[PDB]
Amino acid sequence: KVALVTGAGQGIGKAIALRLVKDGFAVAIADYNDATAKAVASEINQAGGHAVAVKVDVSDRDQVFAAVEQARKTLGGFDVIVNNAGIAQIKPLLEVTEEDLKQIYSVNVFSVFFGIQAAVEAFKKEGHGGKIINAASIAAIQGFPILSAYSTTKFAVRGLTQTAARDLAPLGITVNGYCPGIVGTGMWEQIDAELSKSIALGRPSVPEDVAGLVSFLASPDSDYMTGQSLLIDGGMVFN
């Protein structure tokens, strides 16, 4: 069984990739950062797993298709895609520009359209169904202040997860999403700095928290679940 994870060079994506390896997947480590992607892939291969690094800008449709097919050929199948890559824009709502919007929507939303399309083609090529797993956010469930552009892209991903699930279900292809809360990654190590210029369980999130949920969404135990965006936020928003 084969999975491709975008943004897997670090943070949540990396934790997801390592957990899927533990679960028995061969994993394509897809990232625009080929240095971290190759480092993660090498770590997996050293430890006896099976991984390959693929460089891709997920806002580029051709590169997304190329990444999926490369994964499929090299790893010998294709069963799961995790559309995880994304960026945060910490800019006041009134200061958001058209260029900002074009960038963040291409990276956070169009990428998921492209990933869905490429994955479905690979599933068909392999002659079976599959699982599409999308990174949303708590900001996809309740809009977050000063992260206005970001929030709206994650709402769009939530919507995409629903509509794609409806359309692809007859093919035996499911589409679900995960909604992290506040996770101490590089993303929040930039949100932190830009913000300067609630959790029921009473602790911030670690990438492994999300990885555990994605393990379920990649497993047969989630076969009959589709179109859902699941919160693993330590109890911030209830849905």
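We number the residues from 1 along the sequence you see.
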Task: Residues of the deposited sequence that sit between residue 198 and residue 197 yet are not modelled - done: 10 or more
Task: 180-188 or 48-56, whichever carries the higher mean Cα B-factor - done: 180-188
Task: 166-174 set against 201-209, stretch whose average Cα temperature factor tops the other in the entry - done: 201-209
Task: Top Cα B factor in the deposited entry, candidates 101, 119, 146, 135 - done: 146
- [ ] Specify which of 80, 156, 90, 107 carries the largest Cα B factor in the deposited PDB entry.
- [x] 90
Open item on the list: When the deposited Cα B-factors of this chain's modelled residues are ordered and cut into thirds, is residue 125 in the lowest, the middle or the highest one?
Closed with: highest
Task: Third of the chain, ranked by Cα B-factor, where residue 193 sits - done: highest
TODO: Place residue 151 in the lowest, middle or highest third of its chain's C-alpha B-factors, as listed in the PDB entry.
DONE: middle
TODO: Would you check the entry's CA temperature factor for residue 71 and let me know if it's in the chain's lowest, middle or highest third?
DONE: middle
- [ ] Comparing against every modelled residue in the chain, figure out the third that the C-alpha B-factor of residue 96 lands in (lowest, middle or highest).
- [x] highest
